[PDB]
Amino acid sequence: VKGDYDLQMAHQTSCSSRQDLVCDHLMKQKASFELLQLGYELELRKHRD
Amino acid sequence: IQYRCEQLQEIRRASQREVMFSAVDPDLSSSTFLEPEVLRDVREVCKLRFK
């Protein structure tokens, strides 16, 4: 059991790390989109003036 | 009206074919090549938001 647990823990840790990487990428992507979104919002106000 | 036109003309001029984006060969650490200001500001804005 110990052996198995060890094996599982090792697997999990590996998976967690992989997940973190995926999350990081998606957040970077979101950050970029939100910057652009804000850009459009800002642009419409100047057209109203 | 003239004041507004001058402002938009300045933006058009600034837009004209500008911002050399050197492909940062990742391996080439050393060449101090200076990141265009626009790239640095955008990156920083994006990084700040990411964090």
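The deposited coordinates derive from cryo-EM, with the record listing a resolution of 33 Å.

1. Topic: unusual backbone geometry
Residues and elements named next belong to chain B. One non-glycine residue, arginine 17, lies in positive phi territory at about 55°. Its place among the elements puts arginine 17 in the loop between α1 (2-15) and α2 (37-50). With relative accessibility at 76%, the residue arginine 17 sits in the exposed group. In this structure, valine 19 takes a positive phi of about 100° despite not being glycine. Relative to the elements of secondary structure, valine 19 occurs in the loop between α1 and α2.

2. A closer look at the packing of helix α1 (residues 2-48) of chain A against α2 of chain B
Packing of α1 of chain A against α2 of chain B brings their axes to within 9 Å, and their N-to-C directions diverge by 120°. Relative to α2 of chain B, the element α1 of chain A is oriented oblique. For the pair α1 of chain A and α2 of chain B, the sense of crossing is right-handed. Together, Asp24, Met27, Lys28, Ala31, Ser32, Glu34 and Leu35 of chain A of α1 of chain A and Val42, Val45, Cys46, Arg49 and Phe50 of chain B of α2 of chain B make up the contact between the two elements.

Cut-offs applied
- Residues numbered from 1 in each chain as written, not as in the entry; some residues may be left out.
- Chains lettered and ligands numbered in written order.
- Part of a larger assembly, values for the part shown.
- Heavy atoms only, no water.
- Helix = DSSP H or I, 4+ residues; strand = E, 2+ residues; numbered from the N terminus.
- Buried < 20%, exposed > 50% of the residue type's maximum accessible area, 1.4 Å probe, protein only.
- Axes fitted to C-alpha atoms, helices over the stretch in contact; angles between N-to-C directions.
- Parallel < 35°, antiparallel > 145°, perpendicular 65-115°, else oblique.
- Left-handed = near helix turned anticlockwise from the far one by under 90°.
- Contact = heavy atoms within 4.5 Å.

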